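Okay, so we've got the same protein chain twice, two forms, each given alone as structure tokens, structure 1 and structure 2.
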Structure 1
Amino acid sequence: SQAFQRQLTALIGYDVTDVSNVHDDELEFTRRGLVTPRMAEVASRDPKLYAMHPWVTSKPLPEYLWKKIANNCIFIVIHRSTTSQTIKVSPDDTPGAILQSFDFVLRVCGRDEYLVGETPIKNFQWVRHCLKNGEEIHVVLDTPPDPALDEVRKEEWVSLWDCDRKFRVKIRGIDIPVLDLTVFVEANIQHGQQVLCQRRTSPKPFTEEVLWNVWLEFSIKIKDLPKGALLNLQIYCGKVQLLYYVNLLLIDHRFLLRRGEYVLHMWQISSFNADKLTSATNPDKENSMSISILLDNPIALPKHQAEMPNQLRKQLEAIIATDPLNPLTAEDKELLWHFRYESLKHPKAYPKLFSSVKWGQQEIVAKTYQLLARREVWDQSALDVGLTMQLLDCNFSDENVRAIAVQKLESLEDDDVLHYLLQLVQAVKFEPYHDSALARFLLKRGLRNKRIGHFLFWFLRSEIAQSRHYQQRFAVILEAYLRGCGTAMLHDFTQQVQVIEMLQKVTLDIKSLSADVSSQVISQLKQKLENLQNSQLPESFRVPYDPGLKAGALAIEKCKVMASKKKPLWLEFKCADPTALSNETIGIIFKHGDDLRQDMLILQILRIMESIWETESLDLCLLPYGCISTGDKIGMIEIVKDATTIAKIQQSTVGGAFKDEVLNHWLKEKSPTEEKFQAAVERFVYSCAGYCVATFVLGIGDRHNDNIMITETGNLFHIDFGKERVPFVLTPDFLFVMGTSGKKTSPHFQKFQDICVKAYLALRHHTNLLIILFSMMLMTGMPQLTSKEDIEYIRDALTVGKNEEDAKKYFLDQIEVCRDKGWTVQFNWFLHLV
């Protein structure tokens, strides 16, 4: 009867039904509320295309991928059983057209990946992958997968503007189980980041319980309170210092004003952090500080039923023209609002326009909704993700404003959703209420596409497993997905969850036995792994970072604990698919100890940078490997085949000291033919510039060379994204490959500069998008770096306000700063330990 709910809880990692940490029914209200959204998307989804989940794109084929096609022909090798043909086809041919040259369907050899539907083969991502990598398109004639397998289980389920009183709250007192300075309570009325009104209490001596019993009367009137308005209670001591915080929505999910007694358990500090805005309370009731308060005045918020001077218009357009991180003066705001209707014609003015609204004022908000009612330009405008994300950040608490951002997301094809999914999932932390347009948007795009749904699951589970601030919310959303994804997915998820759970235990036990690394622990590992092969590891499970790949039995011989501070497991799996015409294992690094969430964000931005470069016909051969945060301080990473670190190349031919020549003839040896050395050297030139530019922008380029890797075919790539300085790594050994020895300029070194610039200016063309991603990253992902100082790095990095020519100068100077420092920093890392 209810075994399903116990099944669901073990996949989510949290008990949705639990009510030990709440003071209203918003979570439960959101469960019931999310049912329609699910049911509708389940109802309407095409079952045949659902089971096969064809991953396709409407984007044009890039210039560099065309060049790898001769005479509008591509080869496709179909397999029968032991036999195989090799058809010729044109790019624009549909899989129907191709199949009718021989019901069946064309499945990719090795992977649960299908080539079906009315798109030209040039528009499948697998075909674009084969062409990019220079591999041939193998596929096995197969039966379509039964949609009966994807079945879903059968489911069962006084006006506010008429009160001229000033809002007030009573602070009864504060209490803390365990604790010579004094302390007070600060009360703020807030809308987004904006503080509409503020009041303090008189200081008292800080004992383990402190009672005040005061009313704090605020200047704001009850009618002027906007929907979303948080009451934010903070505790300072003292030269002041913040110790604890907590928030309470003054208008609930049913539009009623909040009333009565509350005992709220607070969050402790150790700055803009997403955690500071949460409606959640601390679930640790035994140790947390608690504040007690009283609200009393049932009141309900209603639901809404010339030419301009030459000079002033330019003043307006300069304001619209600035970056998202450029502040607005009171002068700027009054202008933007006065000329309201001129500003509405420009989609780009929107973030700044709605940051000019006085939200603590009933009539202004009313006027603002009349503005949103009259939006023809916005609804017509071409989708701009940069502008869309802006309206979903921490500055916008108004549901109606945020809703026009989601409206624009509706038009994104699936491929583009994948590109932004993680960030949109992190953007849910900025919503005031648990139920929201954004939550529903993610829910249904995941219910429509198995690939989206897969990564949606893992991104949610990641955040539920290591955030007490938002797990309650993310949990509710996950359940809502799992109840729609289909029995075949829930099966697949349950195997993935088990495998990682079995592997965690092994890691806990192993870690204890160490203090470098012995080989008795290597056998102890291989012992327990062999013991897991028959109890109770399933025959097959999907690779969470690459769900097409089913991985089966273990190659116990090749598995080993890594020579590293955290003792990660270096595992290797056989493939479960007989039809895979290869024999390379699946290599996974399983890591317990650290939080991989920051590693995801960075790698996901790397993929966004690629897609940007793609739109300007550029390819810089970045290598963003699979990396999934799977649980509390655990996760999996992809092993890149035929790869080694730049530092280990030094420990061979030198073994403190560094030599220039070494890298070049490491490549020379690993390349058989001369052409392949020359192929592999150019891949190094692209790689290096791409990774140089990309780290400079993100401000993570000054790295230690045991964290830079390279493939035998010359592809460079950074790893592990957890005095005097260098803007990025361009060490003399790299330069040696490029054919410059101190101070020269090779035909290769100049092309490196030629690309570096093209890359940089290309990124610059999407300044706003990158500025807003960076901002969100730091606020939702990295609780270390969150201030004006931190976030404003990228403004400088992308050289806002400068022109295309002067920026080029700026970057080429950064190339020379590196040149001028050689091995100095690299040595200094080594020196500083000693």
Structure 2
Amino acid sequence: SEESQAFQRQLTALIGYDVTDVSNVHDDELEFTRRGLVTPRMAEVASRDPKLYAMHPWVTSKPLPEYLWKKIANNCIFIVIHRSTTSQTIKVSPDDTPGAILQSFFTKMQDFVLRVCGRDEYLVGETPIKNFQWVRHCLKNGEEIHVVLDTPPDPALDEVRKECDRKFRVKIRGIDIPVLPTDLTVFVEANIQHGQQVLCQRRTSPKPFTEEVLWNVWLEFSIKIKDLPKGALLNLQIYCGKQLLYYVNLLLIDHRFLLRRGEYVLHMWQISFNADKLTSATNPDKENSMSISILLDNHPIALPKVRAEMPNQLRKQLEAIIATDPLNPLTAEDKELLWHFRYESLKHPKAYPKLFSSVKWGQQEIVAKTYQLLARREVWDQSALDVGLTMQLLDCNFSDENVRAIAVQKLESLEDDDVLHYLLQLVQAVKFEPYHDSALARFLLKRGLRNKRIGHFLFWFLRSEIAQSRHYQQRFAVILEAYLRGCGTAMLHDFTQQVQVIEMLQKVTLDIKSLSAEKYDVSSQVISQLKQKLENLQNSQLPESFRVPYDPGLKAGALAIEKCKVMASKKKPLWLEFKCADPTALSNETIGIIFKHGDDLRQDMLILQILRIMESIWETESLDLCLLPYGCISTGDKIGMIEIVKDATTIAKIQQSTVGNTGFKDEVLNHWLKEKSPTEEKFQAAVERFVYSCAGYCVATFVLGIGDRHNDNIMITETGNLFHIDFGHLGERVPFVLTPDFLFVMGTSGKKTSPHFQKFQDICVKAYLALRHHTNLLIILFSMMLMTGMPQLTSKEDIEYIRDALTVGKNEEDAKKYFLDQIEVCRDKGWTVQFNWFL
């Protein structure tokens, strides 16, 4: 139907790409994948409870941390129930089910439900109220729980629209480029890879690098055709430099298990390790990109389906190897050991990554034995879920579908709250998949379609890449389409509002950027120019309201144009403010959002996420370092939005406000806090909060290798919560930022002591070692982060930093000592590094 034609047109607009396009393809994998995702979608759609899906309660099964029970030493919790001008205050017990307090209400005073005031957040479903995230959020922030009694959302609104033993060889015909301007020479390198491991390599003779270079030469490999593993890539690379200029990959076995065959003309990617180098997609730009032509002329297949010792010491060698971190390599010895004692290895879940890296994927018989091994997976299937281990089997080192699937199998058992914690990283992992359709892609579909909060962020995480990654936009686009076709008309409506809004603000942001980037000042002309442009949108163009992308529970209404402006910084980001479109809101406070161009916010997203992960880690040990991972969503190339934290200022601005400019007085910070503090109570609270938050970010920032900072890049709220920002990496050195002013707040100085500083040192050590208790998880998150977003990755030194930072190996005692020394290095440096941040 044209109705279908228009629909697909609406989908294209939400996605930012066209899955019906075939301009940059050489086979039907994408189309095959669209069709293949149909079943996964429909099966989850039909499976989800219409009522719970509409209300998406946000719950956790994790225990209430010790530091939160402190605020409840009476087994009673106060919920403020509203209904217009009314507002009671029903006392409740932490294990009181929701529906069983509306009963300690209705009767204490029925087709209703408890909804948070001013938010699209509901407190329903059979769950202790203490297990609801919003309730833990309020408690952790000493806020009161205000709810409004109203009618459940109509699930009718989520309606889904009806729907050979020869040696392998490859002939390199030649390369061609429109124009490729000191001259030099070139050659072609054809590699057979699997899980980033060259099984075979062949090269051509060095030749003249001209707009057209031919060889018409067969490159014969030693490996046999019926030995090629499913998921093996034929990697073609061009070398010039009188080194690597262009690369392109072709899956040797397709999505149907067939051996690739025929003529191919592949448009390559130019180099300006990482995930982009592994893509099966070809450069879309067929007009001004390099291309290579090859000939392939050569029947997949299939699947069906111990006793002895492990001498004392050899077992000791095995356990030693197993205990090493994910970055500790594997000697051929290690590999042969792991493999020979295959069945002993299978009894240790942590041995799995090392084990499979020990498999000779280029040997049919061996791989065959591997599957046989995974057949008896009893131990693995019964192991306690380890996200760190699971993620390792999903990274660039594993290309085998069955190996990766057991990883996904393990993810299946994660509760929605945990999926949210790792969603960005799981989405990024899709880049390591050899085929578009994959167990991991289907898992993201299932979970997204099953819960609205996960589906919302999945949308934006996917759109973020589809809008700026030529290497993966196609794959992600198909997966996003699949999701949109099953999320519901309601959500489709919401995404439509959100996209039109951010797409308008992006235009403004950029145009204003042009009338600026003049050298700072930010003219009134430029601000006048802004207000005029916003005025235009404020009319029949900017929807009445829209959900805040990084905080789906919040609905933003009309722009407070009078409060909007252009910030006085290198980049000229917009500082917008909106009124909350929710009357039941508990305030008149506007929603502040910063729209900026100039920075790659994909990096910021990644760090902010690992920051939340570090929080959950600290929780599992009763710690609360008070981090502050504000919302941030990359919406396009060097552009995106950021949440405006209320009542906070840059530590640089605090300094400038007193010294005027440059310096650097030690008490400025303490003054500021006191002045922003009225009651003495609040401040002795704020200084406390500053000690925790400072510790948190010093530890966090040190582990991630981004501690050496810049005063203008770290802020503080009037309530004492410190927090870094901008992760744009303009960064002698220092492990982190613990300058004199910070110390002054802690009450010490000039290298001395104080209750606090000692409270600070105590918190840091506890936090540091608590992270070391998840060394593997962090190591794997760190390296994935570096490969999918910080395109500045030496598959060695860079990734290795976190090993050293986590002080891998050594013991707890030497670890604690190690960090305390770092704290000292900051003390010896004082203001030197800070000051040096200008030359």
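Residues that one form lacks are left out of the comparison. Throughout, rigid core stands for the largest set of C-alpha atoms superposing within 1.5 Å between the two forms. FYI, numbering is relative to structure 1, first residue = 1.
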- Item | Conformational change between structures 1 and 2, one of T786, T57, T767, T799, C-alpha moving 2 Å or more after core fit | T786
- Item | C-alpha of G742 moved at least 2 Å between structures 1 and 2 on rigid core | no
- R445: CA shift of at least 2 Å between structures 1 and 2 after core fit? no
- Task: Superpose on the rigid core, then tell me if the C-alpha of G631 is displaced by 2 angstroms or more between structures 1 and 2.
- Result: yes
- Note on the structure: Aligning on the rigid core, one finds that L312 shifts at its CA between structures 1 and 2, in Å, by 0.4
- Query: In Å, how large is the C-alpha displacement of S202 between structures 1 and 2 after the rigid core is aligned?
  - Reply: 1.2
- Note on the structure: Once the two forms are fitted on their core, the residues forming runs of at least three in a row with C-alpha displacements of 2 Å or more between structures 1 and 2 are 298-303, 592-595, 631-634, 785-787
